[PDB]
Protein chains: 2
Amino acid sequence: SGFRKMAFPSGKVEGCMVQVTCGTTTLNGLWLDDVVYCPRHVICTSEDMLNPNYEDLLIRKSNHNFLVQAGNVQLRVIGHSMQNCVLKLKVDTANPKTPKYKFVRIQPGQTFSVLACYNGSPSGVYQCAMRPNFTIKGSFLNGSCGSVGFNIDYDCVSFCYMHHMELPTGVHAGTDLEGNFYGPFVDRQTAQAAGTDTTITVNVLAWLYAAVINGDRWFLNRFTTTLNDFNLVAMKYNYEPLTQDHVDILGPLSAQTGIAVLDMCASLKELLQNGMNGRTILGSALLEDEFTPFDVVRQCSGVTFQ
Amino acid sequence: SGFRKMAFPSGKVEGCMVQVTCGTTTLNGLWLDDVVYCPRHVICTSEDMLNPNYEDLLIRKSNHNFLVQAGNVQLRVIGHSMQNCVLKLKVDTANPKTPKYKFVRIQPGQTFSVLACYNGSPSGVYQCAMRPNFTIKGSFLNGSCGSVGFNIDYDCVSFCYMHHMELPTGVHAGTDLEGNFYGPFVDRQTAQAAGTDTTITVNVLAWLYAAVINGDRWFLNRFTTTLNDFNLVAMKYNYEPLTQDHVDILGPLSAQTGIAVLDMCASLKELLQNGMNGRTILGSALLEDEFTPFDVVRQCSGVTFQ
Ligand SMILES: *[C@@](O)(c1nc2ccccc2s1)[C@H](C[C@@H]1CCNC1=O)NC(=O)[C@@H]1[C@@H]2[C@H](CN1C(=O)[C@@H](NC(=O)NC(C)(C)C)C(C)(C)C)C2(C)C
Ligand SMILES: *[C@@](O)(c1nc2ccccc2s1)[C@H](C[C@@H]1CCNC1=O)NC(=O)[C@@H]1[C@@H]2[C@H](CN1C(=O)[C@@H](NC(=O)NC(C)(C)C)C(C)(C)C)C2(C)C
């Protein structure tokens, strides 16, 4: 029993972190095989942040300008290339700890674990979700750029985020491993704003299921409803519309608890309209939306990894 | 910026997990050097749970009755001994991944990371706190026994918990690495109850500091108070008394924010008496007490590890 904000074991990723320095700028890089991936603005100085011309900046750099350290070991950069917003530094040595991996661009609502690093060294790990507005509510300080987000599928590590910046609202933005930003952001110091955020309805339902699985049933009722009537209420509260795909996705949990998805939607409807009334669900006073239906199954069934 | 429930990187611990089987019972073990540590009830059958006589049960076991697997590798048990509630199985091979470690018995209020395992394989990681009543609010299912709790101090891993059981209230209990239970519990199926739990006042204050560091200042006031007057209010709300030691411990955070500890105590006093009023602190609607003053510093300063 029990329910926690569970992160994936970080071992396979820790072996891939390195330190990249170019001048006075130091940040993290991901070393897979003979390549080190890192944000391209590692070549910028405080003077270039406002409106950097990356092609130019990079053309004035030579392989010796890049100091890459893997622990006490220094890696020799034998080539470099820029792919969108990331730098790919070719090194003379293949990482012997390279796990089986793949790069993926996730969709909003999906969750992943973050290995926060500083100077090539892992400081900590936590779970978070890609918000509908393409930001994440992270925990990052100076020197954190380069830190990656990932998910583990059996024996494979799926990298899906590389950290780049913080917004005025204290939320964060980054890219996928191919250098493509998630959201409408750019890597330059110009006014940028994250859009209006909304609640991931499908995750909230998965969480209510987790609650039932763990014994909290006070919010349940006999009522029911339709996808149509539900979504009308949802929009009034800044919740993401619910689709048949989401309904099908919640299937396993509906089957496990015997509570029909549309029935659970009625419970939620009432929770939105009348609040929680000083009561809690799974130790919380707010409806949590950073647990995907799969996260719930994984934690309430005991799925392990290599 | 940002604040998350951050766990320690699990890499160093993942290398030490193994699978221990005795008959039909399988659970996890911790392999350090040439020894495998695991809960002693791995030798029990469903028939022995009610009132097991461990000395007897163990006297009827021989080294070949213990199957220990480290991945695809099988480890030969060349000896065994029982230390309080844990079994120490001597093996023919020293773990080559053994990190620099130490065993510690923590005190209530302290936090640590848990590496939940099943069949010797890491399922996930999360941070939790040893409650004043000697239990933890974990996330454990059948097969989880053996999973350990730890903290990382620079380059050293400090093991402080080994999981053993779940209480009717859905909370958990275990021991230190020397087999001594935390709390008044025993490893047998007899009626046992966890005591009344209370809130870790000092952690709540550290969290309010984290809130100020992150920009949430709505709960602050000009008022102040004395340790005496505060503790009177606290007891009425089931909060742990506050001591001068706690005040000294919160020093660095008081210095960093410029808000005096006794001033922060006044803010808290008001929060207890008038509630939060539909407002939140660091994204929460309840006062969080699973962040120690050190956790806050570590996350708001960027402390890393080997
Ligand atoms: C990274 O660790 C980097 N630091 C440097 C330092 C020199 C050159 C390149 C880089 S990348 C850091 C992470 C930040 C620190 C606090 N929280 C984080 O997540 N990111 C940055 O410093 C980016 C870099 C420069 C600005 N920047 C920021 O995050 C700005 N935010 C900002 O300008 N935001 C707008 C929305 C207005 C664009 C602050 C937080 C003010 C430092 C790049 C975008 C190139
Ligand atoms: C461990 O993984 C173990 N499983 C076995 C199976 C056979 C022999 C030995 C062991 S240790 C498991 C973890 C549990 C599972 C659910 N959540 C957990 O944390 N622990 C146990 O099975 C312990 C074992 C037997 C009972 N037990 C329990 O946790 C009971 N709880 C219980 O009896 N609680 C009282 C307070 C009434 C004592 C349940 C949850 C009912 C299985 C030992 C204490 C020897």
Side-chain angles (χ1 to χ4, degrees), chain A residues 1-2 20-28 38-52 54 85 116-119 135-136 138-147 162-174 181 184-194 302, chain B residues 1-2 20-28 38-52 54 85 116-119 135-136 138-147 162-174 181 184-194 302:
Chain A
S1 308
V20 183
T21 294
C22 184
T24 58
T25 301
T26 295
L27 44 61
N28 312 273
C38 71
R40 71 178 173 176
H41 38 265
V42 68
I43 65 187
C44 300
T45 72
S46 311
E47 205 138 300
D48 309 310
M49 319 274 241
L50 191 63
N51 193 335
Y54 293 108
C85 298
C117 291
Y118 297 83
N119 305 298
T135 68
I136 64 161
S139 181
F140 294 112
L141 315 159
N142 289 315
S144 56
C145 286
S147 292
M162 183 168 266
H163 185 59
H164 297 232
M165 57 193 230
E166 185 172 298
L167 272 59
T169 48
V171 295
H172 306 96
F181 262 92
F185 312 114
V186 290
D187 49 351
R188 70 163 187 283
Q189 272 183 282
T190 175
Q192 290 179 82
Chain B
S1 308
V20 183
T21 294
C22 184
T24 58
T25 301
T26 295
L27 44 61
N28 312 273
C38 71
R40 71 178 173 176
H41 38 265
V42 68
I43 65 187
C44 300
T45 72
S46 311
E47 205 138 300
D48 309 310
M49 319 274 241
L50 191 63
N51 193 335
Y54 293 108
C85 298
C117 291
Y118 297 83
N119 305 298
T135 68
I136 64 161
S139 181
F140 294 112
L141 315 159
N142 289 315
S144 56
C145 286
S147 292
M162 183 168 266
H163 185 59
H164 297 232
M165 57 193 230
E166 185 172 298
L167 272 59
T169 48
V171 295
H172 306 96
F181 262 92
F185 312 114
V186 290
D187 49 351
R188 70 163 187 283
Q189 272 183 282
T190 175
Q192 290 179 82

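Whatever order the structure lists them in is the order used to number ligands and atoms, beginning at 1. Excluded from the calculations below are hydrogen atoms, water molecules and symmetry mates; all remaining heavy atoms, backbone and side chain alike, are included. Residue numbering restarts at 1 for every chain, and letters A, B, ... go by the order of the sequence lines.
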Check each of [options] against [atom] and report the one with the nearest heavy atom.
{"atom": "atom 45 (C) of ligand 2", "options": "B/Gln192, B/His41, B/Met165", "value": "B/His41"}
{"atom": "atom 37 (C) of ligand 2", "options": "B/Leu167, B/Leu141, B/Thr190", "value": "B/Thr190"}
{"atom": "atom 26 (C) of ligand 2", "options": "B/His164, B/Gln189, B/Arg40", "value": "B/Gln189"}

(message) Only heavy atoms of B/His172, strictly under 4.0 Å: list the atoms of ligand 2 that pass.
(response)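 Those of ligand 2 that fall under 4.0 Å from B/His172 are 19 (O).
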(request) Number the atoms of ligand 2 from 1 as they appear, then name those within less than 4.0 Å of a heavy atom of B/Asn142, with their elements. (result)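 Taking each heavy atom of B/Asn142 in turn, ligand 2 has 15 (C) under 4.0 Å.
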Nearest protein heavy atom to [atom]: under 4.0 Å?
{"atom": "atom 22 (O) of ligand 2", "answer": "no"}
{"atom": "atom 39 (C) of ligand 1", "answer": "no"}
{"atom": "atom 43 (C) of ligand 2", "answer": "no"}

(message) Any atom of ligand 1 sitting under 4.0 Å from a heavy atom of A/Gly143?
(response)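 True for this residue.
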(request) Assess A/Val42 for proximity to ligand 1: is some non-hydrogen atom of it under 4.0 Å away? (result)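 Contact absent.
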Do you know the tightest heavy-atom contact between [X] and [Y]?
{"X": "A/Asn28", "Y": "A/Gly143", "answer": "ND2-O, 3.1 Å"}
{"X": "B/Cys38", "Y": "B/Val20", "answer": "SG-CG1, 4.2 Å"}
{"X": "B/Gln192", "Y": "B/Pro168", "answer": "O-CD, 4.4 Å"}
{"X": "A/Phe140", "Y": "A/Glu166", "answer": "O-OE1, 3.5 Å"}

(message) If we set the cut-off at 4.0 Å for heavy atoms, which region of A/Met49 has an atom near ligand 1: side chain, backbone, both, or neither?
(response)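 It is the side chain that gets close, since no backbone atom is under 4.0 Å.
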(request) Sort out for me which residue in B/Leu27, B/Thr25, B/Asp187, B/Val42 forms a side chain to side chain contact (heavy atoms under 4.5 Å, CB included) with B/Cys145. (result)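 The option that passes is B/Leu27.
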Between [atom1] of [X] and [atom2] of [Y], what distance do you get to the nearest 0.5 Å?
{"X": "B/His172", "Y": "B/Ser144", "atom1": "NE2", "atom2": "OG", "answer": "6.5 Å"}
{"X": "A/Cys85", "Y": "A/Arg188", "atom1": "SG", "atom2": "CZ", "answer": "10.5 Å"}
{"X": "A/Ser1", "Y": "B/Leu167", "atom1": "OG", "atom2": "CG", "answer": "10.5 Å"}

In the protein, what heavy atom is nearest to [atom], and what distance, to one decimal place, separates them?
{"atom": "atom 19 (O) of ligand 2", "result": "B/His163 NE2, 2.6 Å"}
{"atom": "atom 7 (C) of ligand 2", "result": "B/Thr25 CG2, 3.7 Å"}
{"atom": "atom 13 (C) of ligand 2", "result": "B/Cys145 SG, 3.4 Å"}
{"atom": "atom 31 (N) of ligand 2", "result": "B/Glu166 O, 3.0 Å"}

(message) I want to know whether B/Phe181 and B/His164 have ring centres closer than 6.0 Å.
(response)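 B/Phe181 vs B/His164: aromatic centres under 6.0 Å.
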(request) Check whether any side-chain heavy atom of B/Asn51 sits under 4.5 Å from a side-chain heavy atom of B/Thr190, and report yes or no. (result)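 Counting from C-beta outward, B/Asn51 and B/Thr190 never come under 4.5 Å.
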(message) If the contact criterion is a heavy-atom separation under 4.0 Å, does B/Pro39 count as touching ligand 2?
(response)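 Heavy atoms of B/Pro39 never come under 4.0 Å of ligand 2.
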(request) Using the six-membered ring wherever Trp is involved, compare the ring planes of B/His41 and B/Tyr54 and label them parallel, tilted or perpendicular (cut-offs 30° and 60°). (result)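 Taking B/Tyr54 first and then B/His41, their aromatic rings sit tilted (interplane angle of 30° to 60°).
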(request) Identify, by atom number and element, the atoms of ligand 1 in contact range of A/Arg188, meaning under 4.0 Å from any of its heavy atoms. (result)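 Counting from 1, the qualifying ligand atoms are 38 (C).
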